[PDB]
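First the structure, in the form of structure tokens, and then the observations on it.
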Amino acid sequence: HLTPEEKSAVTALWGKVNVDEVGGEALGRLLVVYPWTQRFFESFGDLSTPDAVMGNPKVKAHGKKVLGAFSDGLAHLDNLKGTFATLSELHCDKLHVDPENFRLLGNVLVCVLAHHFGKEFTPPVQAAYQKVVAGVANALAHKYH
Amino acid sequence: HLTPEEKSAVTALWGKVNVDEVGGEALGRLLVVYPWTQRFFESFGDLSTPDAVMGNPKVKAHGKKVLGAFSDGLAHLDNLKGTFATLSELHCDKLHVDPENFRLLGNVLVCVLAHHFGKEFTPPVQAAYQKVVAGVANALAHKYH
Amino acid sequence: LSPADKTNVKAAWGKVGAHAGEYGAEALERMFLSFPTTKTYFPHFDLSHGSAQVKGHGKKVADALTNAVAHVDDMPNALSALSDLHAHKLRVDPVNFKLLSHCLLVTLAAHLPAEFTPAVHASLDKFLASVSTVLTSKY
Amino acid sequence: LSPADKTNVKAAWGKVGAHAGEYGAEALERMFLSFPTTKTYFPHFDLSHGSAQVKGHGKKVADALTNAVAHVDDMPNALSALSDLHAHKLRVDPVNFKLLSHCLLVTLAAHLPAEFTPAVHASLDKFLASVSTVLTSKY
Ligand code: HEM
Ligand code: HEM
Ligand code: HEM
Ligand code: HEM
């Protein structure tokens, strides 16, 4: 549940987000900081070093897809459970990803947003985006519920 | 999602559960093994030692109420979300209990059931009861979701 | 840990005796039945009931736990090769270590009802948590 | 925990500079706003924006982290009294340590955009997780 001011701030900050890079670096930083997550991305090639992860075209493209999913979730903040039903099926039944990794990736995305926005990212903006990422993770983890 | 055989085994084992000591034992073991949970029970008196925790009338009575809710939830396995709505609000907003402690309490209850039943608590029975406690914890954490 | 915890864990694992392999196989069977997401780490295994592969792996796990009990004061060094294996090669999610610790506790409770007092339960939980945090140290 | 991580952490925390108390106060404010369940540990505190009590507490936390950076090789002995306090006197849930670590990381990312490379991010995450592990070791 986000107030109108929180929703306005979230949309305003998402308006200036680079959709071709931000998801890629969020996914790469997830792979680097939580290296057990590399077990789901074996077919992505070289992932041994941070430079190899952040220079990986497969990681860039998959992060672009993940960022698109996050944007779609942002456009339906009141229907997150229905927006992420197919992705929840994909991640739980076949991938077997643990729902805690969803929280980890959302927090990595928040850190990436802070790293770009800096002073413009503010503690209230962080609170709104933490609400958003918690909602997205809960919706994506529903098939475990 | 429990199969009919799992439901039958679960209710058969719960038929032999003593409702006067199992809940108090589970609550006391939770307090002993996860002592940060003692933060929520400061009015329960002396909780400095495992014996003082396990000999506490307040702990025994509160464990009876928690077991009664677990039995109430067990009687409606298809409506856990509606069975635990009022309980979920009291923990999330009034008590501010992290939803991981719900899973901890469920796991301690499973350990208590194994300790009592022994050979009767077979791995299939344990799997069914893990499903039950996971459903109960998910229902109790609805306000955070 | 604590000296009383070490004494309680040592006594409980002694009462386990020579059933360490049986208890480890039962704990692994419990983990596979209760948390099927852990079965993805054994794609080359036969994971049916009474499977000799699961029996041998459970015996290996129980031997590692017995070595940890005997070396309770030097767990990080006694478990360094295991930490390397699990963190680098296997890349196991840390959550699964909690799952296996819970299943080990359930097996111990179901097989040693008298030994499983609340103090022994707390001591064994602390011991297994220390083992898990050693095996996830590289992360 | 590797020497490369130690070097990266020392470099990042050095470039933090004398703003350590400001960073700590901002991280605490971020934690209070994002995770209101953590506000229950400070019932006697003024938790409004710009609060002097939060400023002093952030200064104390930042000084503790500076000591931890100075003693990364001896963290359990450096943070013994703090671990005793946070585990016995306050009984803080171990998840709030993760929450505060995340808010510290967000503050560092927002205030040192150039220094916050992926490698430095991983090093700082490992450092903060080790401080949290040390502070929760009395459980
Ligand atoms: C937390 C929010 C997440 C979102 C919004 C998200 C989104 C997506 C999307 C859009 C796809 C592509 C689905 C398709 O092409 O049909 C995907 C696939 C995938 N996801 Fe996620 N993801 C998230 C978290 C994670 C995490 C944390 C992991 C692993 C630790 C993960 C592992 C994977 C893998 C391995 C695939 C490849 C499957 C495929 O390409 O079909 N995801 N995800
Ligand atoms: C996991 C399953 C749980 C169930 C089924 C459950 C059930 C209950 C029940 C039936 C009550 C009585 C409410 C009333 O009498 O009005 C209660 C209250 C309470 N619960 Fe739980 N509980 C659970 C977990 C927890 C945990 C893990 C904690 C703390 C770590 C906790 C802390 C409390 C406290 C402090 C109260 C006192 C509230 C009052 O007296 O009004 N509960 N819970
Ligand atoms: C209680 C903590 C654990 C202990 C003491 C433990 C111990 C061991 C031991 C002794 C081995 C054999 C070492 C070797 O011969 O190479 C092993 C291998 C293995 N462990 Fe664990 N383990 C633990 C937790 C886990 C968990 C939680 C998982 C994931 C579900 C896991 C997955 C594996 C796998 C996949 C192997 C390799 C099996 C094979 O390919 O034959 N372990 N572990
Ligand atoms: C890296 C993590 C942390 C560090 C380095 C840290 C550091 C400190 C320090 C240096 C003090 C001062 C102790 C004193 O003056 O006697 C303190 C006090 C305190 N801490 Fe933390 N802390 C951390 C995490 C947390 C978290 C996550 C919480 C709660 C959510 C918390 C709750 C408290 C409380 C309630 C006090 C008492 C302060 C007062 O009453 O004046 N701490 N901490």
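By convention in this document, the chains of the structure tokens carry letters A, B, ... by their order, each chain's residues are numbered from 1, and ligands are numbered from 1 in the order they are shown.
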
Least-squares superposed chain A, target chain B, every Cα, as a CSV table (one decimal) with N, CA and C atoms, in the first residue's frame:
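To be explicit, this is the file written out as result.csv:
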chain,number,residue,atom,x,y,z
A,1,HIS,N,-1.3,-27.4,0.0
A,1,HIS,CA,-2.1,-28.4,-0.6
A,1,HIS,C,-1.7,-29.8,-0.1
A,2,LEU,N,-2.6,-30.5,0.6
A,2,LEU,CA,-2.3,-31.8,1.2
A,2,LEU,C,-3.2,-32.8,0.6
A,3,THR,N,-2.6,-34.0,0.2
A,3,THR,CA,-3.3,-35.1,-0.3
A,3,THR,C,-4.2,-35.7,0.8
A,4,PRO,N,-5.3,-36.4,0.4
A,4,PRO,CA,-6.1,-37.1,1.4
A,4,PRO,C,-5.3,-38.0,2.3
A,5,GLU,N,-4.3,-38.7,1.8
A,5,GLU,CA,-3.5,-39.6,2.7
A,5,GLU,C,-2.8,-38.7,3.7
A,6,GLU,N,-2.2,-37.6,3.3
A,6,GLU,CA,-1.4,-36.7,4.2
A,6,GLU,C,-2.4,-36.1,5.2
A,7,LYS,N,-3.6,-35.7,4.8
A,7,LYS,CA,-4.5,-35.2,5.8
A,7,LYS,C,-5.0,-36.2,6.8
A,8,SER,N,-5.2,-37.5,6.3
A,8,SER,CA,-5.6,-38.5,7.3
A,8,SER,C,-4.5,-38.8,8.3
A,9,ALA,N,-3.2,-38.8,7.8
A,9,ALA,CA,-2.1,-39.0,8.7
A,9,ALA,C,-2.0,-37.9,9.7
A,10,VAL,N,-2.1,-36.7,9.2
A,10,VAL,CA,-2.0,-35.5,10.1
A,10,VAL,C,-3.1,-35.5,11.2
A,11,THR,N,-4.3,-35.8,10.8
A,11,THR,CA,-5.4,-35.9,11.8
A,11,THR,C,-5.3,-37.0,12.7
A,12,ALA,N,-4.8,-38.2,12.3
A,12,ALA,CA,-4.6,-39.3,13.1
A,12,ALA,C,-3.5,-39.0,14.2
A,13,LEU,N,-2.4,-38.3,13.8
A,13,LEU,CA,-1.4,-38.0,14.7
A,13,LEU,C,-1.8,-36.9,15.7
A,14,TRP,N,-2.6,-35.9,15.2
A,14,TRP,CA,-3.1,-34.9,16.1
A,14,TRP,C,-4.2,-35.4,17.1
A,15,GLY,N,-4.8,-36.5,16.7
A,15,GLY,CA,-5.8,-37.1,17.7
A,15,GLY,C,-5.1,-37.5,19.0
A,16,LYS,N,-3.9,-37.9,19.0
A,16,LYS,CA,-3.2,-38.3,20.2
A,16,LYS,C,-2.2,-37.2,20.8
A,17,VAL,N,-2.5,-36.0,20.5
A,17,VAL,CA,-1.6,-34.9,21.0
A,17,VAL,C,-2.2,-34.3,22.2
A,18,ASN,N,-1.4,-34.2,23.3
A,18,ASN,CA,-1.9,-33.7,24.6
A,18,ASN,C,-2.0,-32.1,24.4
A,19,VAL,N,-3.3,-31.6,24.4
A,19,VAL,CA,-3.5,-30.2,24.2
A,19,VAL,C,-3.2,-29.4,25.4
A,20,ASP,N,-2.9,-29.9,26.5
A,20,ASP,CA,-2.6,-29.2,27.7
A,20,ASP,C,-1.1,-29.0,28.0
A,21,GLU,N,-0.3,-29.7,27.2
A,21,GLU,CA,1.2,-29.7,27.5
A,21,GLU,C,2.0,-29.4,26.2
A,22,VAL,N,1.6,-29.9,25.1
A,22,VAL,CA,2.4,-29.8,23.9
A,22,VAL,C,2.7,-28.4,23.5
A,23,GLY,N,1.7,-27.5,23.4
A,23,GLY,CA,1.9,-26.1,23.1
A,23,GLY,C,2.8,-25.4,24.1
A,24,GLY,N,2.6,-25.7,25.4
A,24,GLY,CA,3.4,-25.1,26.4
A,24,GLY,C,4.9,-25.5,26.2
A,25,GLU,N,5.2,-26.7,25.9
A,25,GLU,CA,6.6,-27.1,25.8
A,25,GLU,C,7.2,-26.6,24.4
A,26,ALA,N,6.3,-26.5,23.4
A,26,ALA,CA,6.8,-25.9,22.2
A,26,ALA,C,7.1,-24.4,22.4
A,27,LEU,N,6.3,-23.6,23.1
A,27,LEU,CA,6.6,-22.2,23.3
A,27,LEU,C,7.8,-22.1,24.2
A,28,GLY,N,7.9,-22.9,25.3
A,28,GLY,CA,9.1,-22.9,26.1
A,28,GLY,C,10.4,-23.2,25.4
A,29,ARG,N,10.4,-24.2,24.5
A,29,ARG,CA,11.5,-24.6,23.7
A,29,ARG,C,11.9,-23.5,22.7
A,30,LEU,N,10.9,-22.8,22.2
A,30,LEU,CA,11.2,-21.6,21.4
A,30,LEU,C,11.9,-20.6,22.2
A,31,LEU,N,11.4,-20.3,23.4
A,31,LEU,CA,12.0,-19.3,24.2
A,31,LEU,C,13.5,-19.6,24.6
A,32,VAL,N,13.7,-20.9,24.8
A,32,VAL,CA,15.1,-21.4,25.2
A,32,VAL,C,16.0,-21.4,24.0
A,33,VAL,N,15.6,-21.9,22.8
A,33,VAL,CA,16.5,-22.1,21.7
A,33,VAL,C,16.7,-20.8,21.0
A,34,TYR,N,15.7,-19.9,21.0
A,34,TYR,CA,15.8,-18.6,20.3
A,34,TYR,C,15.5,-17.5,21.3
A,35,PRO,N,16.5,-17.2,22.1
A,35,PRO,CA,16.2,-16.4,23.3
A,35,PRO,C,16.0,-14.9,23.0
A,36,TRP,N,16.1,-14.5,21.8
A,36,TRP,CA,15.6,-13.1,21.5
A,36,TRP,C,14.1,-13.0,21.4
A,37,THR,N,13.4,-14.2,21.3
A,37,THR,CA,12.0,-14.2,21.4
A,37,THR,C,11.4,-13.9,22.8
A,38,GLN,N,12.3,-13.9,23.8
A,38,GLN,CA,11.9,-13.5,25.1
A,38,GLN,C,11.6,-12.1,25.3
A,39,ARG,N,11.9,-11.3,24.3
A,39,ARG,CA,11.6,-9.8,24.3
A,39,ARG,C,10.2,-9.5,24.1
A,40,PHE,N,9.4,-10.5,23.6
A,40,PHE,CA,8.0,-10.3,23.4
A,40,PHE,C,7.2,-10.8,24.6
A,41,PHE,N,7.9,-11.5,25.6
A,41,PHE,CA,7.2,-12.2,26.7
A,41,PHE,C,7.8,-11.7,28.0
A,42,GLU,N,8.0,-10.4,28.1
A,42,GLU,CA,8.6,-9.8,29.3
A,42,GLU,C,7.7,-9.9,30.5
A,43,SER,N,6.4,-9.8,30.3
A,43,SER,CA,5.4,-9.9,31.4
A,43,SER,C,5.2,-11.3,31.9
A,44,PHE,N,5.9,-12.3,31.4
A,44,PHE,CA,5.7,-13.7,31.8
A,44,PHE,C,6.6,-14.1,33.0
A,45,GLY,N,7.4,-13.2,33.6
A,45,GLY,CA,8.1,-13.5,34.8
A,45,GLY,C,9.5,-14.0,34.5
A,46,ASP,N,10.0,-15.0,35.3
A,46,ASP,CA,11.3,-15.5,35.2
A,46,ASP,C,11.5,-16.3,33.9
A,47,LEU,N,12.5,-15.9,33.1
A,47,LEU,CA,12.8,-16.6,31.9
A,47,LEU,C,14.3,-16.8,31.7
A,48,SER,N,15.1,-16.8,32.8
A,48,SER,CA,16.5,-16.7,32.6
A,48,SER,C,17.1,-18.1,32.3
A,49,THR,N,16.5,-19.2,32.9
A,49,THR,CA,17.1,-20.5,32.7
A,49,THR,C,16.1,-21.4,32.0
A,50,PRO,N,16.5,-22.4,31.3
A,50,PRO,CA,15.5,-23.4,30.7
A,50,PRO,C,14.6,-24.0,31.7
A,51,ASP,N,15.0,-24.3,32.9
A,51,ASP,CA,14.1,-24.8,33.9
A,51,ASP,C,13.1,-23.8,34.3
A,52,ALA,N,13.5,-22.5,34.4
A,52,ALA,CA,12.5,-21.4,34.7
A,52,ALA,C,11.5,-21.2,33.6
A,53,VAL,N,12.0,-21.3,32.3
A,53,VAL,CA,11.0,-21.2,31.2
A,53,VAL,C,10.0,-22.3,31.2
A,54,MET,N,10.5,-23.6,31.3
A,54,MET,CA,9.7,-24.7,31.2
A,54,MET,C,8.8,-25.0,32.5
A,55,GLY,N,9.1,-24.3,33.5
A,55,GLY,CA,8.3,-24.3,34.7
A,55,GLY,C,7.4,-23.1,34.9
A,56,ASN,N,7.1,-22.4,33.8
A,56,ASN,CA,6.4,-21.1,34.0
A,56,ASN,C,4.9,-21.3,33.6
A,57,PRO,N,4.0,-21.0,34.6
A,57,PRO,CA,2.6,-21.1,34.3
A,57,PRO,C,2.1,-20.2,33.2
A,58,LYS,N,2.6,-19.0,33.1
A,58,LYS,CA,2.2,-18.1,32.0
A,58,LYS,C,2.6,-18.7,30.7
A,59,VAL,N,3.8,-19.3,30.6
A,59,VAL,CA,4.2,-19.9,29.3
A,59,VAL,C,3.3,-21.1,29.0
A,60,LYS,N,3.0,-21.9,30.0
A,60,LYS,CA,2.1,-23.0,29.8
A,60,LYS,C,0.7,-22.6,29.3
A,61,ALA,N,0.1,-21.6,29.9
A,61,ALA,CA,-1.2,-21.1,29.4
A,61,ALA,C,-1.1,-20.5,28.0
A,62,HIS,N,-0.1,-19.7,27.8
A,62,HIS,CA,0.0,-19.1,26.4
A,62,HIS,C,0.3,-20.1,25.4
A,63,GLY,N,1.1,-21.2,25.7
A,63,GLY,CA,1.3,-22.2,24.8
A,63,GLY,C,0.0,-23.0,24.5
A,64,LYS,N,-0.8,-23.2,25.5
A,64,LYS,CA,-2.1,-23.8,25.3
A,64,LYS,C,-2.9,-23.1,24.4
A,65,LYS,N,-2.9,-21.7,24.5
A,65,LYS,CA,-3.7,-20.9,23.5
A,65,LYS,C,-3.1,-21.0,22.1
A,66,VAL,N,-1.8,-21.0,22.0
A,66,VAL,CA,-1.2,-21.2,20.7
A,66,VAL,C,-1.5,-22.5,20.1
A,67,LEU,N,-1.5,-23.6,20.9
A,67,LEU,CA,-1.8,-24.9,20.4
A,67,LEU,C,-3.3,-25.0,19.9
A,68,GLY,N,-4.2,-24.3,20.7
A,68,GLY,CA,-5.6,-24.2,20.2
A,68,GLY,C,-5.7,-23.5,18.9
A,69,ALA,N,-4.9,-22.4,18.7
A,69,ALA,CA,-4.9,-21.8,17.4
A,69,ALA,C,-4.4,-22.7,16.3
A,70,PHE,N,-3.4,-23.5,16.6
A,70,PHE,CA,-2.9,-24.4,15.6
A,70,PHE,C,-3.9,-25.5,15.3
A,71,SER,N,-4.6,-26.0,16.3
A,71,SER,CA,-5.7,-27.0,16.1
A,71,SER,C,-6.8,-26.4,15.2
A,72,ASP,N,-7.2,-25.1,15.5
A,72,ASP,CA,-8.2,-24.5,14.6
A,72,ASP,C,-7.7,-24.4,13.2
A,73,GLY,N,-6.5,-24.0,13.0
A,73,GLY,CA,-5.9,-24.0,11.7
A,73,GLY,C,-5.9,-25.3,11.0
A,74,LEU,N,-5.7,-26.4,11.8
A,74,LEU,CA,-5.8,-27.7,11.2
A,74,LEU,C,-7.2,-28.1,10.8
A,75,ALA,N,-8.2,-27.6,11.5
A,75,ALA,CA,-9.6,-27.9,11.2
A,75,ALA,C,-10.1,-27.1,10.0
A,76,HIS,N,-9.3,-26.1,9.5
A,76,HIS,CA,-9.7,-25.3,8.4
A,76,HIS,C,-8.5,-25.2,7.5
A,77,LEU,N,-7.8,-26.3,7.1
A,77,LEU,CA,-6.6,-26.3,6.3
A,77,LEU,C,-6.8,-25.6,5.0
A,78,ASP,N,-8.0,-25.5,4.5
A,78,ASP,CA,-8.2,-24.8,3.2
A,78,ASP,C,-8.6,-23.3,3.4
A,79,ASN,N,-8.7,-22.8,4.6
A,79,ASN,CA,-9.1,-21.5,4.9
A,79,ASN,C,-8.1,-20.9,6.0
A,80,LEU,N,-6.8,-21.2,5.8
A,80,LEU,CA,-5.9,-20.7,6.8
A,80,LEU,C,-5.8,-19.2,6.8
A,81,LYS,N,-5.9,-18.6,5.6
A,81,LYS,CA,-5.7,-17.2,5.5
A,81,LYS,C,-6.8,-16.4,6.2
A,82,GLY,N,-8.1,-16.9,6.1
A,82,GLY,CA,-9.2,-16.3,6.8
A,82,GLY,C,-9.2,-16.7,8.2
A,83,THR,N,-8.7,-17.8,8.6
A,83,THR,CA,-8.7,-18.2,10.1
A,83,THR,C,-7.8,-17.4,10.9
A,84,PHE,N,-6.6,-17.0,10.3
A,84,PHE,CA,-5.6,-16.3,11.0
A,84,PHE,C,-5.5,-14.8,10.7
A,85,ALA,N,-6.6,-14.2,10.2
A,85,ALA,CA,-6.6,-12.8,9.9
A,85,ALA,C,-6.5,-11.9,11.1
A,86,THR,N,-7.3,-12.2,12.1
A,86,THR,CA,-7.3,-11.4,13.4
A,86,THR,C,-5.9,-11.6,14.1
A,87,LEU,N,-5.4,-12.8,14.1
A,87,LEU,CA,-4.1,-13.1,14.8
A,87,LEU,C,-3.0,-12.5,14.0
A,88,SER,N,-3.1,-12.4,12.6
A,88,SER,CA,-2.1,-11.7,11.8
A,88,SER,C,-2.1,-10.2,12.1
A,89,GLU,N,-3.3,-9.6,12.3
A,89,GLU,CA,-3.4,-8.2,12.7
A,89,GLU,C,-2.7,-8.0,14.0
A,90,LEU,N,-3.0,-8.9,15.0
A,90,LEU,CA,-2.5,-8.8,16.3
A,90,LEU,C,-1.0,-8.9,16.3
A,91,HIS,N,-0.4,-9.8,15.6
A,91,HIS,CA,1.0,-10.1,15.6
A,91,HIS,C,1.8,-9.0,14.8
A,92,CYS,N,1.2,-8.5,13.7
A,92,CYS,CA,2.0,-7.6,12.9
A,92,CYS,C,1.8,-6.1,13.4
A,93,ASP,N,0.6,-5.6,13.4
A,93,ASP,CA,0.4,-4.2,13.8
A,93,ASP,C,0.8,-3.9,15.3
A,94,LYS,N,0.5,-4.8,16.2
A,94,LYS,CA,0.9,-4.4,17.6
A,94,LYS,C,2.1,-5.1,18.1
A,95,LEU,N,2.2,-6.4,18.0
A,95,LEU,CA,3.4,-7.2,18.5
A,95,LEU,C,4.7,-6.9,17.7
A,96,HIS,N,4.6,-6.7,16.4
A,96,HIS,CA,5.7,-6.4,15.5
A,96,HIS,C,6.6,-7.6,15.4
A,97,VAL,N,6.1,-8.8,15.6
A,97,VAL,CA,6.8,-10.1,15.4
A,97,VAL,C,7.2,-10.3,14.0
A,98,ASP,N,8.5,-10.7,13.7
A,98,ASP,CA,9.0,-10.9,12.4
A,98,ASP,C,8.4,-12.3,11.8
A,99,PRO,N,8.0,-12.4,10.6
A,99,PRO,CA,7.4,-13.7,10.1
A,99,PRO,C,8.4,-14.8,10.2
A,100,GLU,N,9.7,-14.6,10.3
A,100,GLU,CA,10.6,-15.8,10.4
A,100,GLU,C,10.4,-16.5,11.7
A,101,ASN,N,10.0,-15.8,12.8
A,101,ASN,CA,9.8,-16.4,14.1
A,101,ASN,C,8.6,-17.4,14.0
A,102,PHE,N,7.6,-17.1,13.1
A,102,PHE,CA,6.6,-18.1,12.9
A,102,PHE,C,7.1,-19.4,12.3
A,103,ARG,N,8.0,-19.3,11.4
A,103,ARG,CA,8.7,-20.5,10.9
A,103,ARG,C,9.5,-21.2,12.0
A,104,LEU,N,10.2,-20.4,12.8
A,104,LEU,CA,10.9,-21.0,13.9
A,104,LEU,C,10.0,-21.8,14.9
A,105,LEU,N,8.9,-21.2,15.2
A,105,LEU,CA,7.9,-21.8,16.2
A,105,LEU,C,7.3,-23.0,15.5
A,106,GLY,N,7.0,-23.0,14.3
A,106,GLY,CA,6.5,-24.2,13.6
A,106,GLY,C,7.5,-25.3,13.6
A,107,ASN,N,8.7,-25.0,13.3
A,107,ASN,CA,9.8,-26.0,13.4
A,107,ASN,C,10.0,-26.6,14.8
A,108,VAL,N,9.9,-25.7,15.8
A,108,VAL,CA,10.0,-26.2,17.2
A,108,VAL,C,8.8,-27.1,17.5
A,109,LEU,N,7.6,-26.8,17.0
A,109,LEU,CA,6.5,-27.7,17.2
A,109,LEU,C,6.7,-29.0,16.5
A,110,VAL,N,7.3,-29.0,15.3
A,110,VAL,CA,7.6,-30.3,14.6
A,110,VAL,C,8.6,-31.1,15.4
A,111,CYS,N,9.6,-30.4,16.0
A,111,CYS,CA,10.6,-31.2,16.8
A,111,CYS,C,9.9,-31.7,18.0
A,112,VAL,N,9.0,-31.0,18.6
A,112,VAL,CA,8.3,-31.5,19.8
A,112,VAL,C,7.4,-32.7,19.4
A,113,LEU,N,6.7,-32.7,18.3
A,113,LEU,CA,5.9,-33.8,17.8
A,113,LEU,C,6.8,-35.0,17.6
A,114,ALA,N,8.0,-34.8,17.0
A,114,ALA,CA,8.9,-35.9,16.8
A,114,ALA,C,9.4,-36.5,18.1
A,115,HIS,N,9.7,-35.6,19.0
A,115,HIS,CA,10.2,-36.0,20.3
A,115,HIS,C,9.1,-36.9,21.1
A,116,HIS,N,7.8,-36.6,20.9
A,116,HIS,CA,6.8,-37.4,21.5
A,116,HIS,C,6.5,-38.7,20.7
A,117,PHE,N,6.1,-38.5,19.5
A,117,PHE,CA,5.7,-39.7,18.6
A,117,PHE,C,6.9,-40.6,18.3
A,118,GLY,N,8.1,-40.1,18.1
A,118,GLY,CA,9.2,-41.0,17.8
A,118,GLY,C,9.0,-41.8,16.6
A,119,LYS,N,9.0,-43.2,16.7
A,119,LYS,CA,8.9,-44.1,15.5
A,119,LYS,C,7.6,-43.8,14.7
A,120,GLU,N,6.5,-43.5,15.5
A,120,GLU,CA,5.2,-43.3,14.8
A,120,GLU,C,5.3,-42.0,14.0
A,121,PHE,N,6.1,-41.0,14.4
A,121,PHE,CA,6.3,-39.9,13.5
A,121,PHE,C,7.2,-40.5,12.4
A,122,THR,N,6.9,-40.2,11.2
A,122,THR,CA,7.6,-40.9,10.1
A,122,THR,C,8.0,-39.8,9.1
A,123,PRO,N,9.0,-40.0,8.2
A,123,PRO,CA,9.4,-38.8,7.3
A,123,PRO,C,8.2,-38.3,6.4
A,124,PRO,N,7.3,-39.2,6.0
A,124,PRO,CA,6.0,-38.6,5.3
A,124,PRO,C,5.2,-37.8,6.3
A,125,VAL,N,5.0,-38.3,7.5
A,125,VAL,CA,4.2,-37.5,8.5
A,125,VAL,C,4.9,-36.2,8.8
A,126,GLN,N,6.2,-36.2,8.8
A,126,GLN,CA,7.0,-34.9,9.0
A,126,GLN,C,6.7,-34.0,7.8
A,127,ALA,N,6.7,-34.6,6.6
A,127,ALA,CA,6.5,-33.8,5.4
A,127,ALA,C,5.1,-33.1,5.4
A,128,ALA,N,4.1,-33.9,5.8
A,128,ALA,CA,2.8,-33.3,5.9
A,128,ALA,C,2.7,-32.2,7.0
A,129,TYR,N,3.3,-32.5,8.1
A,129,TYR,CA,3.3,-31.5,9.2
A,129,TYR,C,4.1,-30.2,8.8
A,130,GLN,N,5.2,-30.4,8.1
A,130,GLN,CA,5.9,-29.2,7.6
A,130,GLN,C,5.1,-28.4,6.6
A,131,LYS,N,4.3,-29.1,5.7
A,131,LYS,CA,3.4,-28.4,4.9
A,131,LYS,C,2.4,-27.6,5.8
A,132,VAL,N,1.9,-28.2,6.8
A,132,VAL,CA,0.9,-27.6,7.7
A,132,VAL,C,1.4,-26.4,8.3
A,133,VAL,N,2.6,-26.5,8.9
A,133,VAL,CA,3.2,-25.4,9.7
A,133,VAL,C,3.6,-24.3,8.7
A,134,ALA,N,4.1,-24.6,7.5
A,134,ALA,CA,4.4,-23.5,6.5
A,134,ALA,C,3.2,-22.8,6.2
A,135,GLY,N,2.0,-23.5,6.0
A,135,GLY,CA,0.8,-22.8,5.7
A,135,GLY,C,0.3,-21.9,6.8
A,136,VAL,N,0.4,-22.4,8.0
A,136,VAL,CA,0.0,-21.6,9.2
A,136,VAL,C,0.9,-20.4,9.3
A,137,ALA,N,2.2,-20.5,9.1
A,137,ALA,CA,3.1,-19.3,9.2
A,137,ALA,C,2.8,-18.3,8.1
A,138,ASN,N,2.6,-18.8,6.9
A,138,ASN,CA,2.2,-17.9,5.8
A,138,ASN,C,0.9,-17.2,6.0
A,139,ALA,N,-0.1,-17.9,6.5
A,139,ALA,CA,-1.3,-17.2,6.9
A,139,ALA,C,-1.2,-16.2,8.0
A,140,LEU,N,-0.4,-16.5,9.0
A,140,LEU,CA,-0.2,-15.6,10.1
A,140,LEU,C,0.7,-14.4,9.7
A,141,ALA,N,1.5,-14.5,8.6
A,141,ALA,CA,2.4,-13.5,8.1
A,141,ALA,C,1.7,-12.7,7.0
A,142,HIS,N,0.5,-12.8,6.7
A,142,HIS,CA,-0.1,-12.2,5.5
A,142,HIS,C,-0.2,-10.7,5.6
A,143,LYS,N,-0.3,-10.2,6.8
A,143,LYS,CA,-0.4,-8.7,6.9
A,143,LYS,C,0.9,-8.0,6.6
A,144,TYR,N,2.0,-8.8,6.5
A,144,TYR,CA,3.2,-8.2,6.0
A,144,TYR,C,3.3,-8.3,4.4
A,145,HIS,N,2.3,-9.0,3.8
A,145,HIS,CA,2.2,-9.1,2.4
A,145,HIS,C,1.2,-8.1,1.9

Point to revise | Distance-based interface of chain C with chain B, 12 Å, counting only C-alpha atoms, as a PyMOL selection string | key: chain C and resi 5+25-36+49+98-99+101-127+129

Practice item. Using only C-alpha atoms and all ligand atoms, determine which residues fall within 9 Å of ligand 4, then list them as a VMD selection string. Key: chain D and resid 28 31 to 32 37 to 45 53 56 to 66 68 79 81 to 83 85 to 86 89 to 101 104 128 to 132 135

Point to revise | chain D residues near chain C (9 Å cut-off, only C-alpha atoms) as a PyMOL selection string | key: chain D and resi 1+126+137-139

Review point. Mind checking DSSP for chain D and telling me the helix (DSSP H, G or I) residues as a ChimeraX atom specification?
Key: /D:3-34,36-41,52-70,72-78,80-89,94-111,118-135

Check your understanding: Could you state the separation of atom CA of residue 76 of chain D and atom 32 (C, counted along the ligand's line) of ligand 3 in Å, given to one decimal place?
Key ->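 Atom CA of residue 76 of chain D sits 29.2 Å away from atom 32 (C, counted along the ligand's line) of ligand 3.
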